[PDB]
Structure formats: C-alpha cells, structure tokens
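**Q** Let's see this in three dimensions:
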Amino acid sequence: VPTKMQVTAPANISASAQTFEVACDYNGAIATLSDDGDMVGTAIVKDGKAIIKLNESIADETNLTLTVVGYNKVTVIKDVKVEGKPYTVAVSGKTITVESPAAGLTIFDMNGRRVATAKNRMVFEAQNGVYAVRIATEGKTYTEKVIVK
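**A** Numbers count the residues shown, from 1 in each chain. See below for the structure:
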C-alpha cells in the first residue's frame, strides 16, 4: 500500500512561462507538465522543490496536467490553466493572418515570447519557426500552432 505525499503548485501558468515550481515533501518524486502525451517538461524534487524547465513554449495550450510520481507514493495530479470554430489562422510563406470577429488575438514565438496582439484581424510577418496563436473570444480562448518555413 503506497503512502500520500504533499504537493503544492500554482493553479495557473503564463502562456509565456519558462519554468514552473512545484513544492513536494517527498524528495526524489518526479514532477512533469503535459498536454496529454506532449510531455512539456519534467524535474526531480530535491530539497522539497522541483523547478520544471519547460522544453517548449506552452503558449499553444489552454491547460496542462501536472503529474507528480514517487516510489511507493500515490501519484498526485493537478490541472493548470495557461493564460495569455469562430476564427481562421492562415499561413502563407512568412506571413500568418489571423481573423476572428470581436476577439483578442495574440501570437507567441517558439521561446514563449509574445510577438503580436491585435483585435479582430492581424497580419503577422514571421520568421522561420513555430508559433502559437491565441484567439480569446467571450467565454472561450482557442489556440493553433503554426509552422512557418
């Protein structure tokens, strides 16, 4: 029969974040952030903390799952909200065109840095790489991930 461990972590994470700190009272436990199957980062608990260094931008996520696993411990799971149909995200070479009536549009680069903010419509002039696009309507945020060659 496994025992319990104590885990405390924020309820939210910035779309631009680079790390995520989890307190846990079992040294050697493993804390991991994921979007079911995309493993976005992992750290071992040492001195009561795991500082998860994210391996990719999470700006294309609305939620992530925190999982903390330990030898003979009951696994602890938490949802974490990531905070920056009725739209289109278009790519054409180096330009990304985003449209959605009455929406906040945001674009983030592959280092999680926010590169563009506009209302309703924008054209963004990109560089080679992967971007996240956030379209924030009333009641709901959507995201897409765009590859620019």
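
**Q** which residues are in contact with the longest strand seen in the chain?
**A** Counting by DSSP state E, the longest strand found in the chain is strand 95-108. Applying CB atoms under 8 Å, 6 or more residues apart in numbering, the external contacts of strand 95-108 come out as 15-16, 57, 59-60, 84, 86-91, 114-126, 131-138, 146, 148. To be clear about C-beta, it is placed using only N, CA and C from the backbone, and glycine gets the same treatment.

**Q** The closest residue to residue 60 other than its chain neighbours pairs with what?
**A** What sits nearest to residue 60 in space, not counting adjacent residues and going by CB to CB, 6 or more residues apart in numbering, is residue 132, at 3.6 Å. Counting by DSSP bridges, residue 132 is bridged to residue 108, residue 145.

**Q** tally of neighbours for residue 132?
**A** 26 (other CB atoms under 10 Å).

**Q** doesn't residue 62 make contact with it?
**A** No. If you go by CB atoms under 8 Å, residue 132 and residue 62 don't touch, sitting 10.8 Å apart.

**Q** overlap in contacts of these two?
**A** Common neighbours of residue 132 and residue 62 (CB under 8 Å, 6+ apart) are residue 143.
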